[PDB]
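Enquirer: Below: one structure in structure tokens.
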Amino acid sequence: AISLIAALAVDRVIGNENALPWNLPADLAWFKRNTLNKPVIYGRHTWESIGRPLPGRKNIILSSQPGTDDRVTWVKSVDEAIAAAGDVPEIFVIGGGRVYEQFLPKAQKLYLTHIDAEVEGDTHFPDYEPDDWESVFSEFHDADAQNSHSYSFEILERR
Ligand SMILES: Nc1nc(=O)c2nc(CNc3ccc(C(=O)N[C@@H](CCC(=O)O)C(=O)O)cc3)cnc2[nH]1
Ligand SMILES: [Cl-]
């Protein structure tokens with residue numbers, strides 16, 4: 001089954017021109033624990049942002065442009081990306097915006113981090129109908145010595 005994971009600032013903005021103005025190691029830990037040892041799908045731009053494959057995970061990159069690396073799997077379509085992932089219980093889509101958009105219709109779960117930050121950004125997470133989804137988990141955290149902003153984790157399951 002397909003799962004989407006993302007960190008959202010106020011107004012569902014997932015990023016912009018510049019680096020994100022928050023320090024949230026707690027979110028990174030949450031991200032690792034949920035995606036560890038599972039196939040992860042992402043686009044050309046996210047690849048460029050990280051530069052190297054994510055450890056212990058099966059990296060699948062959706063790109064219309066030919067692949068430039070042998071350590072990760074390169075696909076040209078959504079159907080091909082899902083096939084390259086295999087017959088595993090859970091497959092994660094980790095971005096970016098246009099990729100989340102193509103995968104939302106087929107997602108069964110949403111792992112969201114709601115960050116209390118007013119970030120003026122260009123890219124937004126797709127709008128999802130609240131009625132089509134059930135919030136089976138939500139946990140609120142305040143900012144602390146390690147995390148700069150207050151935030152909440154949420155797991156939604158498709159109805
Ligand atoms: N919750 C959530 N937080 C994110 O930061 C996030 N980032 C993406 C896409 N961008 C990125 C950028 C960097 C790494 C990365 O280098 N992660 C390392 C953790 C490093 C670490 O703390 O060891 C990883 O191994 O997962 C992953 C995704 C998608 N969904 C997200 N979702
Ligand atoms: Cl991307």
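In the structure tokens, chains take the letters A, B, ... in the order shown, each chain's residues start at 1, and ligands count up from 1 in the order shown.
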Give me, as a tab-separated table, each residue of chain A that comes within 7 Å of ligand 2, together with its shortest interatomic pair and the distance in Å at one decimal, counting only C-alpha atoms and all ligand atoms, with rows ordered by chain and rising residue number.
Expert:
```
residue	atom	partner	partner_atom_place_in_ligand_line	distance
A:42	CA	ligand 2	1 (Cl)	5.7
A:43	CA	ligand 2	1 (Cl)	3.4
A:44	CA	ligand 2	1 (Cl)	4.9
A:45	CA	ligand 2	1 (Cl)	3.9
A:46	CA	ligand 2	1 (Cl)	4.3
A:47	CA	ligand 2	1 (Cl)	6.9
A:95	CA	ligand 2	1 (Cl)	5.4
A:96	CA	ligand 2	1 (Cl)	3.9
A:97	CA	ligand 2	1 (Cl)	6.8
A:98	CA	ligand 2	1 (Cl)	6.9
A:99	CA	ligand 2	1 (Cl)	6.3
```
Enquirer: How would the residues just chosen look if you wrote them out with N, CA, C and O atoms as an mmCIF file, in the first residue's frame?
Expert:
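Result written to result-v4.cif:
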```cif
data_model
loop_
_atom_site.group_PDB
_atom_site.id
_atom_site.type_symbol
_atom_site.label_atom_id
_atom_site.label_comp_id
_atom_site.auth_asym_id
_atom_site.auth_seq_id
_atom_site.Cartn_x
_atom_site.Cartn_y
_atom_site.Cartn_z
ATOM 1 N N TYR A 42 10.561 9.158 -4.901
ATOM 2 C CA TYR A 42 10.731 10.594 -4.960
ATOM 3 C C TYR A 42 11.131 11.070 -6.346
ATOM 4 O O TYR A 42 11.413 10.257 -7.229
ATOM 5 N N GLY A 43 11.098 12.384 -6.549
ATOM 6 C CA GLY A 43 11.437 12.934 -7.847
ATOM 7 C C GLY A 43 12.859 13.427 -8.005
ATOM 8 O O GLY A 43 13.639 13.452 -7.052
ATOM 9 N N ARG A 44 13.148 13.886 -9.221
ATOM 10 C CA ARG A 44 14.447 14.404 -9.637
ATOM 11 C C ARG A 44 14.975 15.494 -8.714
ATOM 12 O O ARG A 44 16.137 15.471 -8.327
ATOM 13 N N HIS A 45 14.116 16.443 -8.356
ATOM 14 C CA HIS A 45 14.509 17.551 -7.488
ATOM 15 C C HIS A 45 14.911 17.151 -6.073
ATOM 16 O O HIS A 45 15.847 17.725 -5.516
ATOM 17 N N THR A 46 14.206 16.180 -5.489
ATOM 18 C CA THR A 46 14.531 15.723 -4.133
ATOM 19 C C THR A 46 15.886 15.011 -4.169
ATOM 20 O O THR A 46 16.704 15.166 -3.268
ATOM 21 N N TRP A 47 16.114 14.258 -5.240
ATOM 22 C CA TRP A 47 17.370 13.557 -5.455
ATOM 23 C C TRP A 47 18.502 14.585 -5.356
ATOM 24 O O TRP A 47 19.428 14.421 -4.565
ATOM 25 N N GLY A 95 8.118 12.905 -1.770
ATOM 26 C CA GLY A 95 8.187 14.190 -2.438
ATOM 27 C C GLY A 95 8.808 14.230 -3.819
ATOM 28 O O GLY A 95 9.255 13.209 -4.334
ATOM 29 N N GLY A 96 8.842 15.417 -4.426
ATOM 30 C CA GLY A 96 8.314 16.642 -3.811
ATOM 31 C C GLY A 96 6.832 16.890 -4.116
ATOM 32 O O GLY A 96 6.063 15.951 -4.351
ATOM 33 N N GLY A 97 6.457 18.167 -4.150
ATOM 34 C CA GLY A 97 5.073 18.556 -4.392
ATOM 35 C C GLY A 97 4.353 17.917 -5.557
ATOM 36 O O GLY A 97 3.251 17.403 -5.398
ATOM 37 N N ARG A 98 4.965 17.959 -6.731
ATOM 38 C CA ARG A 98 4.373 17.377 -7.927
ATOM 39 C C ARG A 98 4.267 15.854 -7.812
ATOM 40 O O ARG A 98 3.366 15.242 -8.381
ATOM 41 N N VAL A 99 5.192 15.246 -7.078
ATOM 42 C CA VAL A 99 5.180 13.807 -6.885
ATOM 43 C C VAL A 99 4.069 13.441 -5.899
ATOM 44 O O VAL A 99 3.336 12.480 -6.115
#
```
Enquirer: Fewer than 3 positions away in the same chain doesn't count, so skip those; otherwise give me all residues within 12 Å of residue 110 of chain A, counting only C-alpha atoms, as a PyMOL selection string.
Expert: chain A and resi 1-8+34+90-94+100+103-107+113-114+125-126+128+130+132-138+153-159
Enquirer: Any chance you could export the current selection's N, CA, C and O atoms as a short mmCIF file (atom, residue, chain, number, x, y, z; two decimals), in the first residue's frame?
Expert:
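Output contents, as saved in again13.cif:
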```cif
data_model
loop_
_atom_site.label_atom_id
_atom_site.label_comp_id
_atom_site.auth_asym_id
_atom_site.auth_seq_id
_atom_site.Cartn_x
_atom_site.Cartn_y
_atom_site.Cartn_z
N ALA A 1 0.85 -1.23 0.00
CA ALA A 1 0.00 0.00 0.00
C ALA A 1 0.87 1.26 0.00
O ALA A 1 1.94 1.28 0.60
N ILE A 2 0.40 2.31 -0.67
CA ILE A 2 1.14 3.56 -0.76
C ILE A 2 0.90 4.51 0.42
O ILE A 2 -0.25 4.73 0.83
N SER A 3 1.98 5.05 0.97
CA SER A 3 1.92 6.00 2.07
C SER A 3 2.68 7.24 1.67
O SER A 3 3.67 7.17 0.94
N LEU A 4 2.17 8.39 2.09
CA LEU A 4 2.81 9.66 1.79
C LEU A 4 3.31 10.21 3.12
O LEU A 4 2.66 10.03 4.14
N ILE A 5 4.50 10.80 3.12
CA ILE A 5 5.05 11.40 4.33
C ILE A 5 5.57 12.80 3.98
O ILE A 5 6.17 13.01 2.93
N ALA A 6 5.28 13.77 4.85
CA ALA A 6 5.72 15.14 4.60
C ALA A 6 5.63 15.98 5.85
O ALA A 6 4.97 15.62 6.81
N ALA A 7 6.37 17.09 5.84
CA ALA A 7 6.38 18.04 6.95
C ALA A 7 5.75 19.33 6.38
O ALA A 7 6.20 19.86 5.37
N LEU A 8 4.65 19.77 6.99
CA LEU A 8 3.94 20.95 6.51
C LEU A 8 4.00 22.15 7.44
O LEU A 8 3.83 22.03 8.65
N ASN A 34 9.75 5.71 10.47
CA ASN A 34 8.62 5.28 9.64
C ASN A 34 9.04 4.73 8.29
O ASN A 34 8.45 3.78 7.80
N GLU A 90 4.32 -1.78 2.77
CA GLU A 90 4.23 -0.33 2.71
C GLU A 90 5.35 0.33 1.92
O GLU A 90 6.54 0.08 2.12
N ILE A 91 4.92 1.23 1.04
CA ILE A 91 5.79 1.98 0.16
C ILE A 91 5.59 3.47 0.46
O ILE A 91 4.47 3.96 0.46
N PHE A 92 6.68 4.20 0.70
CA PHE A 92 6.58 5.62 1.00
C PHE A 92 6.93 6.53 -0.17
O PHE A 92 7.83 6.25 -0.95
N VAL A 93 6.15 7.60 -0.31
CA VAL A 93 6.37 8.62 -1.33
C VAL A 93 6.86 9.79 -0.50
O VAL A 93 6.16 10.23 0.41
N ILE A 94 8.07 10.26 -0.77
CA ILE A 94 8.64 11.34 0.03
C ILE A 94 8.79 12.70 -0.64
O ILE A 94 9.51 13.56 -0.14
N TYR A 100 3.91 14.23 -4.84
CA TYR A 100 2.86 13.95 -3.86
C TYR A 100 1.51 14.02 -4.56
O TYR A 100 0.59 13.26 -4.26
N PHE A 103 0.68 10.89 -6.56
CA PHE A 103 0.45 9.73 -5.71
C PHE A 103 -0.68 9.80 -4.70
O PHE A 103 -1.09 8.76 -4.19
N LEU A 104 -1.18 11.00 -4.40
CA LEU A 104 -2.26 11.13 -3.42
C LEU A 104 -3.50 10.26 -3.70
O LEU A 104 -3.98 9.57 -2.79
N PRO A 105 -3.98 10.21 -4.96
CA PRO A 105 -5.16 9.40 -5.32
C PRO A 105 -5.04 7.92 -4.98
O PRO A 105 -6.04 7.24 -4.75
N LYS A 106 -3.80 7.41 -4.97
CA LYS A 106 -3.52 6.01 -4.68
C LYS A 106 -3.00 5.72 -3.27
O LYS A 106 -2.79 4.57 -2.91
N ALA A 107 -2.80 6.78 -2.49
CA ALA A 107 -2.32 6.64 -1.13
C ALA A 107 -3.42 6.10 -0.22
O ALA A 107 -4.60 6.39 -0.40
N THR A 113 3.44 15.94 9.59
CA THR A 113 4.02 16.72 10.67
C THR A 113 3.54 18.13 10.38
O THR A 113 3.80 18.70 9.32
N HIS A 114 2.77 18.65 11.32
CA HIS A 114 2.24 19.99 11.20
C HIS A 114 3.16 20.88 12.04
O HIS A 114 3.24 20.73 13.26
N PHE A 125 1.57 21.07 -0.18
CA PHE A 125 1.12 19.68 -0.16
C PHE A 125 -0.26 19.74 -0.82
O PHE A 125 -0.95 20.75 -0.72
N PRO A 126 -0.65 18.68 -1.55
CA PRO A 126 -1.96 18.67 -2.20
C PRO A 126 -3.10 18.80 -1.19
O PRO A 126 -2.99 18.39 -0.03
N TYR A 128 -6.24 17.66 0.50
CA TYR A 128 -6.90 16.38 0.68
C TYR A 128 -8.22 16.61 1.40
O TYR A 128 -8.30 17.42 2.33
N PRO A 130 -10.80 16.21 3.97
CA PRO A 130 -10.81 15.75 5.36
C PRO A 130 -11.79 14.60 5.62
O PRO A 130 -11.57 13.80 6.53
N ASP A 132 -12.53 12.19 3.45
CA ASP A 132 -12.01 10.99 2.81
C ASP A 132 -10.96 10.35 3.70
O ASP A 132 -10.52 9.23 3.45
N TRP A 133 -10.56 11.06 4.74
CA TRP A 133 -9.53 10.56 5.62
C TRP A 133 -9.91 10.52 7.09
O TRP A 133 -10.69 11.33 7.57
N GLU A 134 -9.34 9.54 7.79
CA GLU A 134 -9.58 9.36 9.21
C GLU A 134 -8.27 9.53 9.99
O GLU A 134 -7.28 8.87 9.69
N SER A 135 -8.26 10.43 10.96
CA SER A 135 -7.08 10.68 11.78
C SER A 135 -7.03 9.62 12.88
O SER A 135 -7.77 9.69 13.86
N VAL A 136 -6.16 8.63 12.69
CA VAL A 136 -6.02 7.55 13.65
C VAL A 136 -4.92 7.79 14.68
O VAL A 136 -4.76 7.02 15.63
N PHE A 137 -4.19 8.90 14.52
CA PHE A 137 -3.11 9.23 15.43
C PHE A 137 -2.71 10.70 15.29
O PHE A 137 -2.58 11.22 14.19
N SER A 138 -2.55 11.36 16.43
CA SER A 138 -2.15 12.76 16.47
C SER A 138 -1.45 12.99 17.81
O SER A 138 -1.98 12.64 18.86
N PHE A 153 2.39 15.44 15.11
CA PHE A 153 2.49 14.33 14.18
C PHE A 153 1.09 13.80 14.01
O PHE A 153 0.34 13.73 14.99
N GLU A 154 0.74 13.39 12.80
CA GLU A 154 -0.59 12.85 12.52
C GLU A 154 -0.52 11.73 11.49
O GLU A 154 0.25 11.79 10.53
N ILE A 155 -1.29 10.67 11.71
CA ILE A 155 -1.35 9.58 10.74
C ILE A 155 -2.83 9.44 10.35
O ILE A 155 -3.67 9.22 11.22
N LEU A 156 -3.12 9.64 9.06
CA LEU A 156 -4.47 9.54 8.53
C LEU A 156 -4.58 8.29 7.69
O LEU A 156 -3.66 7.95 6.96
N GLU A 157 -5.73 7.62 7.80
CA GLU A 157 -6.01 6.41 7.04
C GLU A 157 -7.20 6.67 6.14
O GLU A 157 -8.22 7.19 6.58
N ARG A 158 -7.06 6.31 4.87
CA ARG A 158 -8.13 6.52 3.92
C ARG A 158 -9.40 5.76 4.28
O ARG A 158 -9.36 4.59 4.67
N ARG A 159 -10.52 6.47 4.19
CA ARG A 159 -11.83 5.89 4.49
C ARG A 159 -12.34 5.18 3.25
O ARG A 159 -12.84 4.05 3.42
#
```
Enquirer: Using only C-alpha atoms, which of the listed residues (A:39, A:21, A:55, A:15) sits closest to residue 89 of chain A?
Expert: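 The answer is A:39, which sits nearest to residue 89 of chain A.
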Enquirer: Between atom CA of residue 41 of chain A and atom CA of residue 78 of chain A, what is the spacing in Å?
Expert: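 One can read the atom CA of residue 78 of chain A to atom CA of residue 41 of chain A distance as 9.6 Å.
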Enquirer: Find the residues near residue 85 of chain A: any atom within 10 Å, counting only C-alpha atoms, skip ones fewer than 2 places away on the same chain, and give them as a PyMOL selection string.
Expert: chain A and resi 38-41+58-60+73+80-83+87-88+90-92
Enquirer: Using only C-alpha atoms and all ligand atoms, which residue out of A:84, A:145, A:36, A:61 lies closest to ligand 1?
Expert: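 Comparing A:84, A:145, A:36, A:61 against ligand 1, the winner is A:36.
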Enquirer: Going by DSSP on the backbone, which bits of segment 1-144 of chain A are strand (DSSP E)? Write them as a PyMOL selection string, please.
Expert: chain A and resi 2-8+13-15+40-43+59-62+73-75+91-93+107-115+123-124+133-141
Enquirer: If I take atom CA of residue 54 of chain A and atom CA of residue 16 of chain A, how far is one from the other in Å, to one decimal?
Expert: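 Rounded to one decimal, the two atoms are 22.1 Å apart.
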Enquirer: Got a sec: who's within 7 Å of segment 22-27 of chain A, counting only C-alpha atoms, leaving out chain neighbours fewer than 6 positions off, as number ranges by chain?
Expert: A: 146-149
Enquirer: Could the residues in this selection be written to a file with C-alpha atoms, as a PDB file, in the first residue's frame?
Expert:
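Output (out_16.pdb):
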```pdb
ATOM      1  CA  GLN A 146      16.453  20.566  20.354  1.00  0.00           C
ATOM      2  CA  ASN A 147      13.392  21.620  18.354  1.00  0.00           C
ATOM      3  CA  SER A 148      12.872  25.255  17.418  1.00  0.00           C
ATOM      4  CA  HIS A 149       9.134  25.160  16.747  1.00  0.00           C
TER       5      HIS A 149
END
```
Enquirer: Between A:68, A:37, A:63, A:18, which residue has the minimum interatomic distance to residue 51 of chain A, considering only C-alpha atoms?
Expert: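 For residue 51 of chain A, the nearest of the given residues is A:68.
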Enquirer: Quick one: of A:66, A:53, A:86, A:121, who's nearest to residue 13 of chain A, counting only C-alpha atoms?
Expert: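 Using only C-alpha atoms, the shortest distance to residue 13 of chain A belongs to A:121.
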Enquirer: To test your reading of the structure, identify every residue in segment 94-147 of chain A that backbone DSSP assigns to helix (DSSP H, G or I), and report it as a ChimeraX atom specification.
Expert: /A:97-106,130-132
Enquirer: Would you please work out which residue, of A:9, A:50, A:75, A:143, is nearest to ligand 1 when using only C-alpha atoms and all ligand atoms?
Expert: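 Checking each candidate against ligand 1, we get A:50 as the closest.
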Enquirer: Between atom CA of residue 11 of chain A and atom CA of residue 28 of chain A, what distance in Å does the model show, to one decimal?
Expert: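 Value for the atom CA of residue 11 of chain A-atom CA of residue 28 of chain A distance: 20.7 Å.
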Enquirer: I need the residue nearest ligand 1 from this list: A:102, A:79, A:152, A:140. Use only C-alpha atoms and all ligand atoms for the distance.
Expert: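 Counting only C-alpha atoms and all ligand atoms, the residue closest to ligand 1 is A:152.
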